[PDB]
Every structure is written in structure tokens, then in C-alpha cells.
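All remarks here apply to the structure that follows.
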Amino acid sequence: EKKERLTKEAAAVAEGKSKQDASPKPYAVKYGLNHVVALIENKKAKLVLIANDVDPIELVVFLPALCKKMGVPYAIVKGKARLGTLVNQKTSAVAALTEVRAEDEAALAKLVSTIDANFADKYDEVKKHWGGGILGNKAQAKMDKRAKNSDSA
Amino acid sequence: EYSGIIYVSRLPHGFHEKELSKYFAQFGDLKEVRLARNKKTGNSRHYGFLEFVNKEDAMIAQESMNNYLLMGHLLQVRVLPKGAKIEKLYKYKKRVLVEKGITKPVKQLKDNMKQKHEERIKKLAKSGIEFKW
Amino acid sequence: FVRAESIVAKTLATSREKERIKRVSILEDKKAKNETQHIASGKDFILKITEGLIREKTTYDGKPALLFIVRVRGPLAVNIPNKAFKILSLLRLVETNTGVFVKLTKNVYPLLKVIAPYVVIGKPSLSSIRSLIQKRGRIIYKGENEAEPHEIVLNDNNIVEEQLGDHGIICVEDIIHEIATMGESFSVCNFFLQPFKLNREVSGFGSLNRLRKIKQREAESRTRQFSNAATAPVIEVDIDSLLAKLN
Amino acid sequence: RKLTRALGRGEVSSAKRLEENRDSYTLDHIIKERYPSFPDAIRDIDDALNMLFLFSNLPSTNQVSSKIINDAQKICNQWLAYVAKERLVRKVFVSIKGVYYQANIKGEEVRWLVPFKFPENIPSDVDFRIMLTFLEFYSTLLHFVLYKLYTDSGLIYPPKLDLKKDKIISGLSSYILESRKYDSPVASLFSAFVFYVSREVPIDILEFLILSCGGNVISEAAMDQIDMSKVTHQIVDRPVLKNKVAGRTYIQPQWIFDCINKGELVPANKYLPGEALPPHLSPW
Amino acid sequence: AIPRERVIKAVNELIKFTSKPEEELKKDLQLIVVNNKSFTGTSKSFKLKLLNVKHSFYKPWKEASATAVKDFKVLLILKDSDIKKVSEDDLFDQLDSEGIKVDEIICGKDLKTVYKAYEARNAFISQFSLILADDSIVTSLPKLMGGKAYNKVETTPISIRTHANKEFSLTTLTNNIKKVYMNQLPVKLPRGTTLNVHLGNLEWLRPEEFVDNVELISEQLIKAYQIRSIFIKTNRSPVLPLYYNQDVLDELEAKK
RNA sequence: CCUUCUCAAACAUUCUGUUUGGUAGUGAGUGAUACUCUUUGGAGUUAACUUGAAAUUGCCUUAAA
């Protein structure tokens, strides 16, 4: 499409007028991590999606806390490959949507509210506490039966 | 304590009792379901109540469904306190008119015009707005 | 597990059809009865979608004329309403990829308004009619032992001579005549014939075929058009182009 | 594999590009090394012609699809029109199993079997995933033969076809052949000789033989789509017939099959409706 | 018909009432009520009958609106086909000579994408004073633009004919829009007996005009629908009985 | 996770006019008179302002697996 758009502008712009300004505004999602972090703190970004996975991990640990401090409505969507697909990459890590068509304005606002109710209400707790207490099943059998059988003759 | 009765607000157009029943049955078989509707004009006021049979199946069907984004709505569902109960909520049909009249004879209701005309000319004088005829 | 999105969608989608068919029926009652004070349009219209596509209109004013009706799956997420579903079981259309000939008349036309979104219609040609009846077309027939209700393809003409003796119709080519001419009987020949199991333009679910389905759905959505109008023109299309794919 | 990625991202227009930008295999080198060349190919083209005329007839399904059949119809209706124009039909033999012909295409003689056009039938024991490869091979083989036969005659290949004619019958009268006395005696039978074939008879095996033994045809079967000035003969096969014209001759299509095998022209006092026949006899 | 002296004595004394020593703009606004046997039975009408008048009320509105907060605005709804052809400058060319303006022009798509959602739909439409709509689009509207518009007599859409026979013409739009503007007054017909009209305000026009305005509307409306009595007022007031007819009523039993 | 009735005649030639018909809708809340009816059973209209699609009980199947 980019290639097509370059050819179209040359035919219109030289002959009549304009600085490429004839072409309409582009609305699209913002995929680069550095760019989105830069979009946050302005603060211009209405939604951020953060992939749960990512091999460094340290890369994206700060982003939930940073979004909270700035007050961007963040989410943690499952899978980085999914984010990739919407943005024409193999993997995207984060995706933020900064602008919206007037028709699409209503839908965006209500999604953010859903995310706050669905994510933000229950996850004051999530900041707190330590995951991964869980034991393997052979060890679970051993703890339960020892504890249970000791109590009851 | 919480009851088996359940309160569903924020319902899309074409979420009616047939559908609510057919959906929420899949959690567990239910005693009664009722939607609030307008009289005037037979269509939904976007909230209803169900009541199950078990207590614990109702609060599960609350827990899954409490901020469920659906059309341009999100469904909010509450479980009531003990008792409360589904009281009323009659399923209104659309109300068609009918031209019930006119029993009185023409020579009577002509004199109602002639009298109730002369009411108005006296009435407007009391305001007061001085006027002939 | 049904999900609330589909069950709310189907209620909305059906309610549009139940809204629609009432507007069709109330119009046609006043047209048929003739007490015409207040209606939308005076007479019927037929629209010819063909190859940016050209879109002519004519009023019908019959004059009987040949049509060939095919289901067409659609639209998406609607349960059939009984005033439609009744008519499809009279014309024997039910189950998709299934064709039949019908005689268009002023009396019949108002049916085609109702089944419009569930079928696709148009004028056939004699090569297409010839192609259908001697690639496909299958008789229900009884006699000589056996349980009886049995489907055999049109090989023999003696069977046609026997079961259409009284009309004076002999062999398959006179069936093709009597369909094409719009002559006497017709209906007896068309009930005798039994409706044509056509093949799906695209079966698949491989990555080559999914493309062809995607490119179909655009073309099908472009051709077939759901006005919901009461005074919606019935859509006709190049079946000669279609039955290249379907036969 | 790269299309599945395009769909399984979606991302459709990249798959629509991938559809266009690809180069399908074709067997052209493998034809011309397996048959070098034209007398060797015209030996084995016998075997091709049966299956194309088989697959032309049978109805479109899964395991087949329409395009393979609509190839075979066109490739066969090309082959008929060459044989009809250039007039090579020496032996005819109707059977229960369709109709056998024989044709002497530059030296060697070629037998081949057209089925009757009747709507039947797919058994679903037989493997199509073999036989379609044989069809794909023989479709390309007969393309290269028809290319050579048309240009050497010497008409243009491939021949264009009139649509408004095709919508009457769809057959041999459609296709029209055009440029850049015969071997005898069968060609130029039925010259100055005009047939009016009736509705009931099979048009698909009669018009072929009457055109390929050069004479004019009018069909009743054509008329339903919508002169009888110059018509001599009327082919008809009904029990009773009413009313018949004094100038016109009335015969049964047996006459046409019996005439070609001898190549004499028999008497038309024999045959005729509603009479019993002399038998038929193969020429083999 | 009415004698004009009976209108003049009423409507001038209505100036003596309305003066004295939102609310200010509501209180001064005139109406004319008219009663009859029964309008369009068993069937609601979302039409507007365009009644013939000598003087406009919209041209008087435009001048008085410039002072007020509410701000006068005209709207045109058109087909999906038409907005490709029509532009702002083409309307701006011809409409300035006789002297009106179209504020915006809207696609039938834009209601079913950009001004769906009801906050946005109300916030859009409650601006505009005169809505106009293409003959073909009209009948699709009350699903699209929705009910809160039709509750008023202002924001309900008026029909206008774009097409000359056949397919679009600019002149037929741009000459007819004048007729629906300045020559003609909108009013919707309900069920039942009653029918008010938004006649005008009182800042707008003169009492010399208003009687000539009323006299043509009375002569229009008597002949159509067989009427009982007519009742002019301003907003607060008790009604002024200016016409009153018995010979209608003797038909009403004769049906039953 | 569906997507909304996007023209129809008749007369007359004004480079398109004139006349007639075709439009069921979000729910909730607030308030200020008038008119038509029937007999208290209050039914039908009506000068508009607030509102995030807001809310608590007015008694057919190859669109598969």
C-alpha cells in the first residue's frame, strides 16, 4: 500500500497543488516499544496493550507501573504473536492506539471502561502477593496424606 | 446471606425472556425469569430478574458474567440479599387503540359546545383579556 | 455452549425478517384486493444485475416467462420464518445447492419477494436447460418388485412414455421442449422431474480454496442485495455464467 | 505454506497477491520427448480421445470440479469441428455403449467412443485422483496435436466461438473456422442435400455425421429458443407421424449409419417410419 | 372563513398580554391550535405537510438568532450516490443570491456510523433548526436518526426532491430548497383531535403580517380535514376562540 | 457480535414545474395549559430540557472439524 500511495501523490501534487496534504490523515496503532513509552508521559495514549510473554521480561516489567503513575489505561493482552498480527510484525511486544475516527470514538471509550472494571478492580490485589507456591503432584500426595493421616486415626 | 435470585441490568435490544432463559439455563435449571417492560408500547426497560433453584449456581453465573461486554452494552449482574424475591413484572404486549364511542346524541353534545364556548369567553375575562363574541 | 452474542444476534436478525415480511404481505393484500388509496408503489419491478455492474429496471406486466430458482445459503445468522419456509417446501427447494424451474406470473410473483433473500433467480437459456436435464435430473418411479420409493437417473424413454403417456410427451428432448416452450402441462413435467442437486461452486477448506470462498463472498454480497423495502425489485442474474460453475 | 501464513494472519490482500504471482507447471517438454513426433503421437491419440469424451459428459462434483470438464468439452468440440470441416469419417458404429466412429487422420486410422448424452453415473469405487492426471496429460497432448492439425489444414488455432449460436444448442454448430476437393468417396455424400432432423432424435450424433459428410442440417431442437423451403430429407423415429409433405423424403437415422459404412447411398424405399428394419452390422 | 378584525383584536391584545412588567424565549412564542373529528386513524404520521404562506418565518429567525445563544442552522441529508456529485461551493454559489446557507451535508452512511450512539446523535441533531432530507433517504430515517428528533416539530426531517426525471440534478435541489425555506411552513399531523402549529415568535415579524399569515393557514386547513374549532394562543395564555363550527358534528353519529 | 424501507406514478415541456401517496422510535426522569370524548374506567393528542446505549420489581448448515 505504501508503494501505491507514493505513486498516487506524484500524479496529484506536482500538477495542481499541495505538500502531500491532499492525502488524508493516517490513523493507526503504534507498535515500537520506545515509541509507545515516549507516547506515554506526554501523555497521548488512550490504550496500551502489553504482551504477557517476552524473553528479556525486564523489558516490560516497568510498563504496568509506569502506566499507573501517568494514568494511561493499560491492559495485558495474552500473547505477543497476536499483537504482531494486527501490526504486520512477527511479534510486537506492545501496541498503543493514540487516535480514533469520530465513528470509532464511542467504541474506544467503552472498551477502556470495560478494561478498568475487568482488570483494574480485581488487580489491586495482584500487585501484592507471590505466585508459584504450587508443588508437583507426587509432593502434593506426600504432604496431604502425612498431614491428613496424622490428624485422623 | 445472598439469595438464589439474580438481577441482570444493561440488556441489549433483543435480549428478552426467551433468550435469557435459553442462555442462563446452561448454568443450571431455573425457577422463573422476568424482564421489565414498558406498558405503552410493549418493549424492554433493559433490566430483568432470574431465580435458579441452587444458591451456589446463581453466584457462579454472577461471577462469570458481571462485566461481560456484549453489543454496545456491558452486562452487569447482581445477586440479591435473602428473600427479596421476583415480585411483579407483567409481560406487556403492544397496546392497540380502539375507537370506543360515541353514545350521547348529537343534539345533547351540540349544547355542550354552545355552553363550553361561553365558559371560555368568561374565563379569558377573569385573566383578564377583554374580548367580544 | 451457545454464548450470549449469537443468541442475541439471531433474535435481532430474525426480527428484521419478521418486520420485513409483514410489509411485503400488507402491500400485496391491498394490490391483490384492489382498494388502492395509500401504498408505496403501483406495480412490480425486476432488476438485472450483470457485468462496476450494470443495473437496469423493467416493470413485469406478464406474459408468462421461465425462471430457475436456486438456494443460496443465507443470510448468515437468521432462522427461517414460517411464511417463507412454507413456500420453499411447496417449490421443493429446501437444503442448499438445489435448483428448480418455475413459471413466472402476476399471481406467483409476490412469492418471490418473500423468498428473495433465501434464493437466487433468473432467466435460463436452452443450452443450460439441455445441460441440466442430461447431466442431472432423476425420477422417482415404482414397479416390478422392491419397496418402491427409489431414485433412478433418466436413461430410458419408455419410462417417460409410460408415466407421461396421457399428455403425449415422449423421450427426454420433449421434456426439454415442454419446459422451454412454457406450454401445456409444464407443472406435471416439473413435478415429475424432481429438483436438481447441483454442486457447490467451491468445496474446500484448504488455503487455496479459502481464497476462492473469500472472493465468492464479496461477489455474492455484491450481486445479492437485501432491500427489506416492501417495494424491493426482484434480482435476476446471468445463470448461464452461474451454471458453468454449478453444472 | 506461505498462503496459510497470509490467511492465518489475515492480511488477505497479500494472499490475493500470492495467488496471482505464481507459475503453474505444464507438460510441454514431457509431451515432445515421449512422442517425437507426429506419426508417433497420432498412434496413441486414440487412447486420449475416449477419456476426454468420457469426462466431457459426466456431471460436476467434488473430486472433479467444473473447469476440468469445461476444458474437456472445448477440447473435444474442437476435435469434432476439424473432423467435420476436413471430412474424415469412414466407419460409423452405433452400439448400446454409445457410438464408435473411425477417422483416417493423415495415414493412421483412429477409433473413438462418444457416449450418449444421458445423466449418469458416478460409482465411487473408481479412483479419480489417478484418472484426472491421465486427463491432464492427454488434455495437453491433444492441444499440441490440434495446434498442428488446424494450422496445416490450414485454419487459425484456437478457433473463436459465436455465443448467440452457443446459447441455442452448445455443440458442433458453434465454433467457427477460418483461413491462414476431398479424398472421397464418403465426403461429398449428401451434397446438394438438406436434412430437417426432428425433435425426438439425438442431435448430438447426427449433425456431426451430416456435416462431416458434407450436407446441411436444420434441427427442431434449436427452434424452442427462437423456413422449410429447401429441405429434402426428414429424419424421424416415432410410431405414428402426421401429416407428411409430398416433396419431402421420410427416413429413420439407421439410414445415415448404414449409408456411411458402405459409402454407396442405399435406397430410401427401405427403412422409413413406422416400418421394421434391416439389422445394422458392424464394419469390423 | 374568519373575519380578520377578529384575528387583529386577538393578536394585538396578545401583545398586551405577552409584554407586562430559556424562559423568556419559551414564554413569548406563539401557537395556533386546531381541533377536528379524528386525524389519520389507526396510523401515525411522521410526515410534515408544507402549508403555503406569503412570508417566511426562517428569514426572521436568522436575524434574531444571531443575537441569541441557540444559533440557526440548516441541514441536508442525501444519498450515498449524491455526495460524490454535490459540493459545498455549488450550494454556496446559488443560495447566497436569494440569501440562505446550508450548514452541513450528511451521508446516509454517517448516521449509521459517525452519529450512531445516542449522546452523539442528540448532541449533533439538537443543534440544527431546519433538517432537510432526500425523497429516497426520508423513509429510512426514523430507524437511523432516531426518536428524540421526531419528538420535536423542528428537528423532524422534511422531505425534499433532488431528482429531476431521472437521476440527480443540482438546479432541482437548489431551486426547490428555496420553496421549502421561504414560501412554506412545516407541520406534523398526529392522531386524535388536537393539532398545534409552531407559527412563530413575536420579536419576529409584525402583527400586520401575522393576521395575513393566519388567514391563509385557516383557508388552507378548513378545506382539507373537516374541522371543529380553532384556538390561537401564546404559551401561557387561555385560548382565544376565533372560529367555531357545529355543522361538522352531525356527521359524527352518522358514521356510527 | 446482527446492521437499519436509500422511489413511485400522473399531468405539462418551464434545460423540471405542479399535484397525490410512501417514515412505528431507547429506555428512564422532570415539569407549565389547552383541547375531544366517554362517566370516573381516565383514553388520545400537545410549546422541551437533562441523559457515558445510563437502568432494581409501575403488576438453511462444506459460515466444518
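Chain labels run A, B, ... following the order of the C-alpha cells; each chain numbers its residues from 1, and ligands are numbered from 1 in the order shown.
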### Query
What lies within 10 Å of region 1-16 of chain F using only C-alpha atoms (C1' of nucleotides), ignoring chain neighbours under 4 positions off, as a ChimeraX atom specification?
/B:69-72 /C:4-6,8-14,16,20,23,39-43,76-78,227-232 /E:78-81,108-109,112,134-144,163-165,169,171-172 /F:20-23
### Task
Excluding residue 76 (chain B) and any residue of its chain fewer than 4 positions from it, enumerate the residues within 6 Å of it, using only C-alpha atoms (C1' of nucleotides), and give them as an MDAnalysis selection string.
chainID B and resid 9 66:67
### Task
Enumerate, as a ChimeraX atom specification, the complete set of residues in region 17-95 of chain B that a backbone-based DSSP assignment places in alpha helix (DSSP H).
/B:17-24,56-63
Since we have the selection now, will you write its residues out, keeping N, CA and C atoms, as a PDB file, in the first residue's frame?
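Written out: result_17.pdb:
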ATOM      1  N   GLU B  17     -36.963 -12.543  27.439  1.00  0.00           N
ATOM      2  CA  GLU B  17     -37.134 -13.640  28.404  1.00  0.00           C
ATOM      3  C   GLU B  17     -36.835 -15.012  27.795  1.00  0.00           C
ATOM      4  N   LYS B  18     -37.270 -15.211  26.549  1.00  0.00           N
ATOM      5  CA  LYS B  18     -36.911 -16.396  25.754  1.00  0.00           C
ATOM      6  C   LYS B  18     -35.400 -16.629  25.665  1.00  0.00           C
ATOM      7  N   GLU B  19     -34.645 -15.551  25.463  1.00  0.00           N
ATOM      8  CA  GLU B  19     -33.192 -15.637  25.285  1.00  0.00           C
ATOM      9  C   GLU B  19     -32.487 -15.800  26.627  1.00  0.00           C
ATOM     10  N   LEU B  20     -32.857 -14.958  27.593  1.00  0.00           N
ATOM     11  CA  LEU B  20     -32.318 -15.024  28.962  1.00  0.00           C
ATOM     12  C   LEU B  20     -32.490 -16.409  29.580  1.00  0.00           C
ATOM     13  N   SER B  21     -33.703 -16.952  29.465  1.00  0.00           N
ATOM     14  CA  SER B  21     -33.982 -18.342  29.845  1.00  0.00           C
ATOM     15  C   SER B  21     -33.037 -19.315  29.140  1.00  0.00           C
ATOM     16  N   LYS B  22     -32.984 -19.217  27.812  1.00  0.00           N
ATOM     17  CA  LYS B  22     -32.228 -20.160  26.982  1.00  0.00           C
ATOM     18  C   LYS B  22     -30.723 -20.087  27.233  1.00  0.00           C
ATOM     19  N   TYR B  23     -30.221 -18.890  27.538  1.00  0.00           N
ATOM     20  CA  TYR B  23     -28.830 -18.722  27.951  1.00  0.00           C
ATOM     21  C   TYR B  23     -28.591 -19.267  29.363  1.00  0.00           C
ATOM     22  N   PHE B  24     -29.225 -18.642  30.354  1.00  0.00           N
ATOM     23  CA  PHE B  24     -28.871 -18.867  31.764  1.00  0.00           C
ATOM     24  C   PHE B  24     -29.299 -20.240  32.303  1.00  0.00           C
ATOM     25  N   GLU B  56     -25.727 -21.626  44.990  1.00  0.00           N
ATOM     26  CA  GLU B  56     -24.324 -21.524  44.569  1.00  0.00           C
ATOM     27  C   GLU B  56     -24.144 -21.430  43.046  1.00  0.00           C
ATOM     28  N   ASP B  57     -25.101 -21.965  42.288  1.00  0.00           N
ATOM     29  CA  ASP B  57     -25.118 -21.812  40.825  1.00  0.00           C
ATOM     30  C   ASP B  57     -25.418 -20.374  40.376  1.00  0.00           C
ATOM     31  N   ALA B  58     -26.225 -19.652  41.156  1.00  0.00           N
ATOM     32  CA  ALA B  58     -26.548 -18.247  40.868  1.00  0.00           C
ATOM     33  C   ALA B  58     -25.344 -17.311  41.012  1.00  0.00           C
ATOM     34  N   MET B  59     -24.538 -17.513  42.055  1.00  0.00           N
ATOM     35  CA  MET B  59     -23.355 -16.674  42.298  1.00  0.00           C
ATOM     36  C   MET B  59     -22.176 -16.983  41.354  1.00  0.00           C
ATOM     37  N   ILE B  60     -22.105 -18.216  40.846  1.00  0.00           N
ATOM     38  CA  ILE B  60     -21.201 -18.560  39.732  1.00  0.00           C
ATOM     39  C   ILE B  60     -21.620 -17.855  38.434  1.00  0.00           C
ATOM     40  N   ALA B  61     -22.910 -17.917  38.112  1.00  0.00           N
ATOM     41  CA  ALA B  61     -23.465 -17.194  36.956  1.00  0.00           C
ATOM     42  C   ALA B  61     -23.462 -15.668  37.115  1.00  0.00           C
ATOM     43  N   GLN B  62     -23.324 -15.183  38.350  1.00  0.00           N
ATOM     44  CA  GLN B  62     -22.925 -13.793  38.606  1.00  0.00           C
ATOM     45  C   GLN B  62     -21.435 -13.564  38.337  1.00  0.00           C
ATOM     46  N   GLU B  63     -20.586 -14.439  38.879  1.00  0.00           N
ATOM     47  CA  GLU B  63     -19.125 -14.249  38.853  1.00  0.00           C
ATOM     48  C   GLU B  63     -18.515 -14.255  37.444  1.00  0.00           C
TER      49      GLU B  63
END
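The residues of chain F lying at most 6 Å from chain B, with only C-alpha atoms (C1' of nucleotides) taken into account, are residues 27, 57 and 59 of chain F.
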For the selection just defined, write its residues with N, CA and C atoms (P, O5', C5', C4', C3', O3' and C1' of nucleotides) to a file, as a PDB file, in the first residue's frame.
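Just written: out.pdb:
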ATOM      1  P     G F  27     -38.481   3.099  23.768  1.00  0.00           P
ATOM      2  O5'   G F  27     -38.077   3.172  25.308  1.00  0.00           O
ATOM      3  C5'   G F  27     -37.927   1.957  26.064  1.00  0.00           C
ATOM      4  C4'   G F  27     -36.941   2.128  27.196  1.00  0.00           C
ATOM      5  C3'   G F  27     -37.349   3.056  28.325  1.00  0.00           C
ATOM      6  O3'   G F  27     -38.366   2.522  29.170  1.00  0.00           O
ATOM      7  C1'   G F  27     -35.080   3.416  27.805  1.00  0.00           C
ATOM      8  P     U F  57     -37.916  -0.584  41.617  1.00  0.00           P
ATOM      9  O5'   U F  57     -38.950  -1.740  41.252  1.00  0.00           O
ATOM     10  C5'   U F  57     -39.457  -1.880  39.908  1.00  0.00           C
ATOM     11  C4'   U F  57     -39.889  -3.304  39.649  1.00  0.00           C
ATOM     12  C3'   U F  57     -41.216  -3.713  40.292  1.00  0.00           C
ATOM     13  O3'   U F  57     -42.138  -4.273  39.354  1.00  0.00           O
ATOM     14  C1'   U F  57     -39.521  -5.299  40.793  1.00  0.00           C
ATOM     15  P     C F  59     -47.759  -1.403  41.414  1.00  0.00           P
ATOM     16  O5'   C F  59     -48.832  -1.677  40.267  1.00  0.00           O
ATOM     17  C5'   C F  59     -49.406  -2.987  40.069  1.00  0.00           C
ATOM     18  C4'   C F  59     -48.708  -3.693  38.930  1.00  0.00           C
ATOM     19  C3'   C F  59     -49.518  -3.876  37.654  1.00  0.00           C
ATOM     20  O3'   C F  59     -49.479  -2.698  36.852  1.00  0.00           O
ATOM     21  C1'   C F  59     -48.171  -5.806  38.142  1.00  0.00           C
TER      22        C F  59
END
Using 10 Å as the limit and counting only C-alpha atoms, can you tabulate each residue of chain A that touches chain E, with its shortest atom-to-atom distance in Å and the two atoms involved, as CSV?
residue,atom,partner,partner_atom,distance
A:101,CA,E:114,CA,8.4
A:102,CA,E:114,CA,5.9
A:103,CA,E:114,CA,3.7
A:104,CA,E:114,CA,7.4
A:105,CA,E:114,CA,8.6
A:106,CA,E:117,CA,7.0
A:107,CA,E:117,CA,9.2
Considering only C-alpha atoms (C1' of nucleotides), tabulate each residue of chain A that lies at most 10 Å from chain F along with its nearest interatomic pair and the corresponding distance in Å to one decimal; arrange the rows by chain and ascending residue number and present them as JSON lines.
{"residue": "A:106", "atom": "CA", "partner": "F:52", "partner_atom": "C1'", "distance": 9.0}
{"residue": "A:109", "atom": "CA", "partner": "F:52", "partner_atom": "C1'", "distance": 8.7}
{"residue": "A:110", "atom": "CA", "partner": "F:52", "partner_atom": "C1'", "distance": 8.2}
{"residue": "A:113", "atom": "CA", "partner": "F:52", "partner_atom": "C1'", "distance": 10.0}
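You will find CA of residue 92 (chain A) at 8.2 Å from CA of residue 33 (chain A).
Nearest-residue note for chain E: choosing from C:38, C:18, C:83, C:123, the minimum distance belongs to C:38, counting only C-alpha atoms.
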